[PDB]
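Novice: Provided herewith: target-v3.cif, mmCIF, N, CA and C atoms.
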data_input
loop_
_atom_site.label_atom_id
_atom_site.label_comp_id
_atom_site.auth_asym_id
_atom_site.auth_seq_id
_atom_site.Cartn_x
_atom_site.Cartn_y
_atom_site.Cartn_z
N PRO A 1 -221.67 191.80 -28.86
CA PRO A 1 -222.57 192.36 -29.89
C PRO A 1 -222.84 193.87 -29.74
N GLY A 2 -223.58 194.45 -30.69
CA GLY A 2 -223.95 195.87 -30.76
C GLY A 2 -224.68 196.20 -32.08
N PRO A 3 -225.06 197.47 -32.35
CA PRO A 3 -224.89 198.66 -31.50
C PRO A 3 -226.08 198.92 -30.55
N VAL A 4 -227.04 197.99 -30.46
CA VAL A 4 -228.36 198.13 -29.79
C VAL A 4 -228.35 198.30 -28.26
N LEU A 5 -227.18 198.44 -27.64
CA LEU A 5 -226.94 198.75 -26.22
C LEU A 5 -225.84 199.84 -26.16
N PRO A 6 -225.92 200.86 -25.27
CA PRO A 6 -225.11 202.09 -25.29
C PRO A 6 -223.66 201.95 -25.81
N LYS A 7 -223.48 202.32 -27.08
CA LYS A 7 -222.62 201.62 -28.05
C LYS A 7 -221.23 201.24 -27.55
N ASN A 8 -220.33 202.21 -27.41
CA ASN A 8 -218.90 201.97 -27.18
C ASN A 8 -218.64 201.13 -25.92
N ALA A 9 -219.09 201.60 -24.75
CA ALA A 9 -218.98 200.86 -23.50
C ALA A 9 -219.64 199.48 -23.54
N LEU A 10 -220.95 199.41 -23.85
CA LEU A 10 -221.69 198.15 -23.73
C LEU A 10 -221.13 197.09 -24.66
N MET A 11 -220.88 197.44 -25.92
CA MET A 11 -220.17 196.55 -26.82
C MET A 11 -218.80 196.11 -26.27
N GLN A 12 -217.99 197.03 -25.72
CA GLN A 12 -216.69 196.70 -25.09
C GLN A 12 -216.86 195.54 -24.10
N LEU A 13 -217.69 195.73 -23.08
CA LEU A 13 -217.85 194.68 -22.09
C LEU A 13 -218.66 193.47 -22.54
N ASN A 14 -219.61 193.63 -23.46
CA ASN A 14 -220.37 192.51 -23.98
C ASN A 14 -219.44 191.51 -24.66
N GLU A 15 -218.55 191.98 -25.52
CA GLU A 15 -217.45 191.18 -26.05
C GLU A 15 -216.57 190.57 -24.94
N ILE A 16 -215.99 191.42 -24.09
CA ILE A 16 -215.02 191.00 -23.07
C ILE A 16 -215.58 189.95 -22.07
N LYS A 17 -216.82 190.14 -21.62
CA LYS A 17 -217.59 189.27 -20.71
C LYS A 17 -219.08 189.28 -21.12
N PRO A 18 -219.54 188.35 -21.99
CA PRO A 18 -220.95 188.25 -22.40
C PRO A 18 -221.83 187.60 -21.31
N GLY A 19 -221.76 188.12 -20.08
CA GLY A 19 -222.39 187.52 -18.90
C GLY A 19 -222.32 188.40 -17.65
N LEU A 20 -222.68 189.69 -17.76
CA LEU A 20 -222.82 190.59 -16.60
C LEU A 20 -224.26 190.69 -16.10
N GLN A 21 -224.38 191.01 -14.81
CA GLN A 21 -225.65 190.99 -14.08
C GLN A 21 -225.88 192.36 -13.41
N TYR A 22 -226.85 193.14 -13.92
CA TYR A 22 -227.10 194.55 -13.61
C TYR A 22 -228.33 194.71 -12.69
N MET A 23 -228.23 195.57 -11.66
CA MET A 23 -229.26 195.83 -10.65
C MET A 23 -229.43 197.33 -10.44
N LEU A 24 -230.67 197.84 -10.37
CA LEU A 24 -230.97 199.27 -10.34
C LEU A 24 -231.35 199.67 -8.91
N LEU A 25 -230.52 200.55 -8.35
CA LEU A 25 -230.54 201.04 -6.98
C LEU A 25 -230.87 202.55 -7.05
N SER A 26 -231.77 202.99 -6.17
CA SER A 26 -232.99 203.64 -6.66
C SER A 26 -232.83 205.07 -7.17
N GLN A 27 -233.48 205.29 -8.32
CA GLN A 27 -233.89 206.59 -8.85
C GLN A 27 -234.25 207.63 -7.77
N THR A 28 -233.58 208.77 -7.87
CA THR A 28 -233.57 209.93 -6.97
C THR A 28 -233.17 211.18 -7.78
N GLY A 29 -232.68 212.25 -7.17
CA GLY A 29 -231.85 213.24 -7.88
C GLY A 29 -231.92 214.69 -7.36
N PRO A 30 -231.15 215.61 -7.97
CA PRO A 30 -231.02 217.03 -7.58
C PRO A 30 -232.25 217.92 -7.87
N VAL A 31 -233.46 217.35 -7.99
CA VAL A 31 -234.77 217.98 -8.32
C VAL A 31 -234.89 218.47 -9.78
N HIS A 32 -233.78 218.86 -10.42
CA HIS A 32 -233.70 219.35 -11.80
C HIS A 32 -233.02 218.33 -12.76
N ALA A 33 -232.59 217.19 -12.21
CA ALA A 33 -232.15 216.00 -12.92
C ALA A 33 -232.62 214.75 -12.16
N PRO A 34 -233.16 213.72 -12.83
CA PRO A 34 -233.16 212.36 -12.31
C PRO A 34 -231.74 211.82 -12.14
N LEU A 35 -231.54 210.87 -11.23
CA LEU A 35 -230.30 210.12 -11.05
C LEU A 35 -230.59 208.69 -10.57
N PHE A 36 -230.03 207.72 -11.30
CA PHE A 36 -230.15 206.28 -11.11
C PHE A 36 -228.77 205.69 -10.88
N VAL A 37 -228.64 204.65 -10.04
CA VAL A 37 -227.36 203.91 -9.97
C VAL A 37 -227.57 202.43 -10.29
N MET A 38 -226.69 201.86 -11.11
CA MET A 38 -226.67 200.42 -11.37
C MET A 38 -225.43 199.79 -10.78
N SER A 39 -225.61 198.65 -10.13
CA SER A 39 -224.53 197.75 -9.72
C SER A 39 -224.48 196.62 -10.73
N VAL A 40 -223.33 196.45 -11.38
CA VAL A 40 -223.14 195.40 -12.38
C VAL A 40 -222.08 194.42 -11.95
N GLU A 41 -222.41 193.15 -12.07
CA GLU A 41 -221.65 192.07 -11.48
C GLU A 41 -220.93 191.31 -12.58
N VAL A 42 -219.61 191.17 -12.40
CA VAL A 42 -218.66 190.86 -13.50
C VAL A 42 -217.85 189.56 -13.34
N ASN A 43 -217.81 188.97 -12.14
CA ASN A 43 -216.91 187.86 -11.78
C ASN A 43 -217.18 187.24 -10.38
N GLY A 44 -218.12 187.78 -9.61
CA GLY A 44 -218.28 187.52 -8.18
C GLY A 44 -218.48 188.77 -7.30
N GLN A 45 -218.36 189.95 -7.91
CA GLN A 45 -218.36 191.28 -7.31
C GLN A 45 -219.13 192.23 -8.23
N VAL A 46 -219.84 193.17 -7.61
CA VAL A 46 -220.65 194.19 -8.28
C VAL A 46 -219.97 195.56 -8.22
N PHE A 47 -220.05 196.26 -9.34
CA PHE A 47 -219.38 197.51 -9.68
C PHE A 47 -220.46 198.57 -9.92
N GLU A 48 -220.46 199.68 -9.18
CA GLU A 48 -221.58 200.64 -9.18
C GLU A 48 -221.29 201.92 -9.98
N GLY A 49 -222.20 202.29 -10.89
CA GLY A 49 -222.12 203.46 -11.75
C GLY A 49 -223.42 204.25 -11.79
N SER A 50 -223.31 205.57 -11.72
CA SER A 50 -224.41 206.53 -11.63
C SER A 50 -224.64 207.25 -12.97
N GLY A 51 -225.89 207.31 -13.43
CA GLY A 51 -226.32 208.03 -14.63
C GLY A 51 -227.66 208.75 -14.45
N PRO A 52 -227.89 209.93 -15.07
CA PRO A 52 -229.20 210.60 -15.10
C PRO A 52 -230.31 209.83 -15.84
N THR A 53 -230.00 208.62 -16.33
CA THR A 53 -230.92 207.59 -16.82
C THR A 53 -230.31 206.22 -16.48
N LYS A 54 -231.14 205.22 -16.18
CA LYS A 54 -230.72 203.84 -15.86
C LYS A 54 -229.80 203.21 -16.91
N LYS A 55 -230.01 203.54 -18.19
CA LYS A 55 -229.19 203.10 -19.34
C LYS A 55 -227.77 203.71 -19.35
N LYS A 56 -227.61 204.91 -18.80
CA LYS A 56 -226.30 205.56 -18.57
C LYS A 56 -225.66 205.09 -17.27
N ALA A 57 -226.46 204.79 -16.24
CA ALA A 57 -225.99 204.20 -14.99
C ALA A 57 -225.32 202.84 -15.21
N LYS A 58 -226.02 201.88 -15.83
CA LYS A 58 -225.42 200.60 -16.27
C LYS A 58 -224.22 200.74 -17.20
N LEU A 59 -224.24 201.67 -18.17
CA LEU A 59 -223.06 202.01 -18.98
C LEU A 59 -221.88 202.38 -18.09
N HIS A 60 -222.06 203.31 -17.15
CA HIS A 60 -221.02 203.75 -16.22
C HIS A 60 -220.43 202.57 -15.43
N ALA A 61 -221.33 201.78 -14.84
CA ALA A 61 -221.04 200.59 -14.06
C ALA A 61 -220.18 199.60 -14.85
N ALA A 62 -220.71 199.11 -15.97
CA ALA A 62 -220.12 198.13 -16.89
C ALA A 62 -218.82 198.60 -17.56
N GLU A 63 -218.77 199.87 -17.97
CA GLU A 63 -217.56 200.54 -18.48
C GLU A 63 -216.43 200.42 -17.46
N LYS A 64 -216.61 200.99 -16.26
CA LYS A 64 -215.66 200.81 -15.17
C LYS A 64 -215.42 199.34 -14.85
N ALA A 65 -216.45 198.49 -14.84
CA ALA A 65 -216.31 197.11 -14.38
C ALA A 65 -215.21 196.43 -15.18
N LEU A 66 -215.37 196.39 -16.50
CA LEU A 66 -214.32 195.87 -17.38
C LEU A 66 -213.03 196.70 -17.42
N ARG A 67 -213.08 198.03 -17.50
CA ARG A 67 -211.89 198.90 -17.47
C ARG A 67 -211.01 198.68 -16.24
N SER A 68 -211.62 198.75 -15.05
CA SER A 68 -211.01 198.44 -13.75
C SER A 68 -210.41 197.03 -13.73
N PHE A 69 -211.20 196.04 -14.14
CA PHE A 69 -210.81 194.63 -14.27
C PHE A 69 -209.65 194.38 -15.25
N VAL A 70 -209.52 195.17 -16.32
CA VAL A 70 -208.46 195.04 -17.34
C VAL A 70 -207.19 195.83 -16.98
N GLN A 71 -207.31 196.99 -16.33
CA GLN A 71 -206.23 197.99 -16.22
C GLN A 71 -206.08 198.65 -14.84
N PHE A 72 -207.18 198.88 -14.11
CA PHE A 72 -207.37 199.90 -13.06
C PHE A 72 -207.05 201.36 -13.51
N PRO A 73 -207.55 202.42 -12.84
CA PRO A 73 -208.49 202.43 -11.71
C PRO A 73 -209.89 201.92 -12.07
#
Take the structure in the file and give it back as structure tokens.
Specialist:
Amino acid sequence: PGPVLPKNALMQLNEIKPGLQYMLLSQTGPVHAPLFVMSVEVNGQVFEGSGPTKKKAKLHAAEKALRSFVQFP
């Protein structure tokens, strides 16, 4: 489904695997930007992606999770 989750990536993996499990590992950053990391779990393994917002962190994670799983890297 979509577009109500960070459109292109989230829709890509929501279709491909409508059953991922996202965890937020902690908000920090370079003092002039926040930075969040999400680990997203796709099959038995968690895939980690970093974003200056938790919604971009999970996008990064989930984007790679399915991309890596379909093609590599």
Novice: Every residue with an atom at most 10 Å from (-226.0, 195.3, -11.8) (file coordinates; only C-alpha atoms) is what I'm after, so could you write them as number ranges by chain?
Specialist: A: 20-25, 37-42, 45-49, 57-58, 61-62
Novice: So how many Å separate atom C of residue 44 in chain A and CA of residue 26 in chain A, to one decimal?
Specialist: 20.8 Å
Novice: Could you check which of A:73, A:1, A:52, A:34 is closest to residue 13 in chain A, using all atoms listed in the file?
Specialist: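 Looking at the shortest contact to residue 13 in chain A, the residue is A:1.
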Novice: Determine, counting all atoms listed in the file, which protein, DNA and RNA residues have an atom within 7 Å of an atom of residue 59 in chain A; residues of the same chain fewer than 5 positions away are not included. Present the result as a JSON list (two decimals) with N, CA and C atoms, keeping the file's coordinate frame.
Specialist:
[["chain", "number", "residue", "atom", "x", "y", "z"],
["A", 6, "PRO", "N", -225.92, 200.86, -25.27],
["A", 6, "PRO", "CA", -225.11, 202.09, -25.29],
["A", 6, "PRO", "C", -223.66, 201.95, -25.81],
["A", 9, "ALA", "N", -219.09, 201.60, -24.75],
["A", 9, "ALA", "CA", -218.98, 200.86, -23.50],
["A", 9, "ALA", "C", -219.64, 199.48, -23.54],
["A", 10, "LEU", "N", -220.95, 199.41, -23.85],
["A", 10, "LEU", "CA", -221.69, 198.15, -23.73],
["A", 10, "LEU", "C", -221.13, 197.09, -24.66],
["A", 49, "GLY", "N", -222.20, 202.29, -10.89],
["A", 49, "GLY", "CA", -222.12, 203.46, -11.75],
["A", 49, "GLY", "C", -223.42, 204.25, -11.79],
["A", 54, "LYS", "N", -231.14, 205.22, -16.18],
["A", 54, "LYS", "CA", -230.72, 203.84, -15.86],
["A", 54, "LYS", "C", -229.80, 203.21, -16.91],
["A", 64, "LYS", "N", -216.61, 200.99, -16.26],
["A", 64, "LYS", "CA", -215.66, 200.81, -15.17],
["A", 64, "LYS", "C", -215.42, 199.34, -14.85]]
Novice: Using all atoms listed in the file, which of the listed residues (A:60, A:31, A:36, A:2) sits closest to residue 14 in chain A?
Specialist: A:2
Novice: Could you check how far atom C of residue 67 in chain A sits from atom C of residue 15 in chain A, in Å to one decimal?
Specialist: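 Separation between atom C of residue 67 in chain A and atom C of residue 15 in chain A: 13.1 Å.
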Novice: Could you check the closest approach to residue 63 in chain A for each of A:43, A:29, A:12, A:18 and tell me which residue wins, using only C-alpha atoms?
Specialist: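 When distances to residue 63 in chain A are compared using only C-alpha atoms, the smallest one comes from A:12.
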Novice: How would you write, as a list in words, the set of residues in chain A that DSSP gives as alpha helix (DSSP H)?
Specialist: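 Of chain A, only residues 7, 8, 9, 10, 11, 12, 13, 14, 15, 16, 54, 55, 56, 57, 58, 59, 60, 61, 62, 63, 64, 65, 66, 67, 68, 69 and 70 of chain A fall in alpha helix (DSSP H).
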Novice: What does the distance from CA of residue 8 in chain A to CA of residue 55 in chain A come to in Å, to one decimal?
Specialist: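 Distance reported for this atom pair: 13.0 Å.
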Novice: From the coordinates I just gave you, please extract range 46-66 of chain A so that only N, CA, C and O atoms remain, then output it as a PDB file, in the first residue's frame.
Specialist:
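Result file out.pdb:
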ATOM      1  N   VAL A  46      17.810  -8.551  10.678  1.00  0.00           N
ATOM      2  CA  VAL A  46      17.565  -7.109  10.726  1.00  0.00           C
ATOM      3  C   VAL A  46      18.635  -6.343   9.945  1.00  0.00           C
ATOM      4  O   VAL A  46      19.824  -6.666   9.965  1.00  0.00           O
ATOM      5  N   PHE A  47      18.169  -5.339   9.218  1.00  0.00           N
ATOM      6  CA  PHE A  47      18.882  -4.523   8.250  1.00  0.00           C
ATOM      7  C   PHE A  47      18.860  -3.072   8.749  1.00  0.00           C
ATOM      8  O   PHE A  47      17.782  -2.527   8.966  1.00  0.00           O
ATOM      9  N   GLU A  48      20.016  -2.434   8.956  1.00  0.00           N
ATOM     10  CA  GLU A  48      20.098  -1.133   9.652  1.00  0.00           C
ATOM     11  C   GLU A  48      20.335   0.049   8.700  1.00  0.00           C
ATOM     12  O   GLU A  48      21.256   0.038   7.883  1.00  0.00           O
ATOM     13  N   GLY A  49      19.515   1.096   8.818  1.00  0.00           N
ATOM     14  CA  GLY A  49      19.563   2.315   8.014  1.00  0.00           C
ATOM     15  C   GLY A  49      19.446   3.577   8.865  1.00  0.00           C
ATOM     16  O   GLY A  49      18.645   3.644   9.798  1.00  0.00           O
ATOM     17  N   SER A  50      20.280   4.567   8.555  1.00  0.00           N
ATOM     18  CA  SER A  50      20.423   5.828   9.288  1.00  0.00           C
ATOM     19  C   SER A  50      19.759   6.992   8.542  1.00  0.00           C
ATOM     20  O   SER A  50      19.936   7.147   7.330  1.00  0.00           O
ATOM     21  N   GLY A  51      18.949   7.785   9.250  1.00  0.00           N
ATOM     22  CA  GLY A  51      18.304   9.000   8.744  1.00  0.00           C
ATOM     23  C   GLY A  51      18.295  10.146   9.767  1.00  0.00           C
ATOM     24  O   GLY A  51      18.142   9.882  10.961  1.00  0.00           O
ATOM     25  N   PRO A  52      18.398  11.425   9.349  1.00  0.00           N
ATOM     26  CA  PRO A  52      18.224  12.589  10.233  1.00  0.00           C
ATOM     27  C   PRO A  52      16.805  12.750  10.829  1.00  0.00           C
ATOM     28  O   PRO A  52      16.530  13.695  11.570  1.00  0.00           O
ATOM     29  N   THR A  53      15.909  11.806  10.535  1.00  0.00           N
ATOM     30  CA  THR A  53      14.611  11.566  11.181  1.00  0.00           C
ATOM     31  C   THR A  53      14.349  10.058  11.173  1.00  0.00           C
ATOM     32  O   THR A  53      14.730   9.365  10.223  1.00  0.00           O
ATOM     33  N   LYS A  54      13.681   9.528  12.202  1.00  0.00           N
ATOM     34  CA  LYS A  54      13.325   8.100  12.328  1.00  0.00           C
ATOM     35  C   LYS A  54      12.573   7.531  11.116  1.00  0.00           C
ATOM     36  O   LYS A  54      12.807   6.387  10.729  1.00  0.00           O
ATOM     37  N   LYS A  55      11.741   8.352  10.468  1.00  0.00           N
ATOM     38  CA  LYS A  55      10.988   8.025   9.237  1.00  0.00           C
ATOM     39  C   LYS A  55      11.881   7.860   7.998  1.00  0.00           C
ATOM     40  O   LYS A  55      11.568   7.061   7.118  1.00  0.00           O
ATOM     41  N   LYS A  56      13.017   8.563   7.949  1.00  0.00           N
ATOM     42  CA  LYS A  56      14.061   8.398   6.922  1.00  0.00           C
ATOM     43  C   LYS A  56      15.015   7.252   7.270  1.00  0.00           C
ATOM     44  O   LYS A  56      15.448   6.536   6.375  1.00  0.00           O
ATOM     45  N   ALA A  57      15.274   7.018   8.557  1.00  0.00           N
ATOM     46  CA  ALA A  57      16.054   5.879   9.038  1.00  0.00           C
ATOM     47  C   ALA A  57      15.405   4.538   8.647  1.00  0.00           C
ATOM     48  O   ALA A  57      16.024   3.729   7.954  1.00  0.00           O
ATOM     49  N   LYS A  58      14.140   4.310   9.029  1.00  0.00           N
ATOM     50  CA  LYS A  58      13.352   3.154   8.552  1.00  0.00           C
ATOM     51  C   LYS A  58      13.233   3.036   7.035  1.00  0.00           C
ATOM     52  O   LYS A  58      13.366   1.930   6.524  1.00  0.00           O
ATOM     53  N   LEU A  59      13.035   4.143   6.308  1.00  0.00           N
ATOM     54  CA  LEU A  59      13.102   4.151   4.838  1.00  0.00           C
ATOM     55  C   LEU A  59      14.435   3.582   4.351  1.00  0.00           C
ATOM     56  O   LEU A  59      14.431   2.652   3.555  1.00  0.00           O
ATOM     57  N   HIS A  60      15.559   4.093   4.851  1.00  0.00           N
ATOM     58  CA  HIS A  60      16.897   3.625   4.488  1.00  0.00           C
ATOM     59  C   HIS A  60      17.064   2.114   4.723  1.00  0.00           C
ATOM     60  O   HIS A  60      17.511   1.364   3.848  1.00  0.00           O
ATOM     61  N   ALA A  61      16.689   1.685   5.929  1.00  0.00           N
ATOM     62  CA  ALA A  61      16.725   0.306   6.390  1.00  0.00           C
ATOM     63  C   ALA A  61      15.938  -0.615   5.448  1.00  0.00           C
ATOM     64  O   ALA A  61      16.513  -1.520   4.854  1.00  0.00           O
ATOM     65  N   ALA A  62      14.639  -0.363   5.309  1.00  0.00           N
ATOM     66  CA  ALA A  62      13.663  -1.104   4.505  1.00  0.00           C
ATOM     67  C   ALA A  62      13.953  -1.094   2.993  1.00  0.00           C
ATOM     68  O   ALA A  62      13.850  -2.136   2.335  1.00  0.00           O
ATOM     69  N   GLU A  63      14.383   0.060   2.461  1.00  0.00           N
ATOM     70  CA  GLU A  63      14.864   0.214   1.085  1.00  0.00           C
ATOM     71  C   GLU A  63      15.992  -0.770   0.813  1.00  0.00           C
ATOM     72  O   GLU A  63      15.816  -1.666  -0.017  1.00  0.00           O
ATOM     73  N   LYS A  64      17.116  -0.653   1.542  1.00  0.00           N
ATOM     74  CA  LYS A  64      18.196  -1.634   1.461  1.00  0.00           C
ATOM     75  C   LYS A  64      17.710  -3.045   1.750  1.00  0.00           C
ATOM     76  O   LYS A  64      18.187  -3.949   1.087  1.00  0.00           O
ATOM     77  N   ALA A  65      16.839  -3.257   2.736  1.00  0.00           N
ATOM     78  CA  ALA A  65      16.463  -4.600   3.169  1.00  0.00           C
ATOM     79  C   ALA A  65      15.948  -5.382   1.966  1.00  0.00           C
ATOM     80  O   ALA A  65      16.550  -6.384   1.577  1.00  0.00           O
ATOM     81  N   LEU A  66      14.892  -4.868   1.328  1.00  0.00           N
ATOM     82  CA  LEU A  66      14.381  -5.471   0.092  1.00  0.00           C
ATOM     83  C   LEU A  66      15.334  -5.390  -1.110  1.00  0.00           C
ATOM     84  O   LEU A  66      15.504  -6.388  -1.798  1.00  0.00           O
TER      85      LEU A  66
END
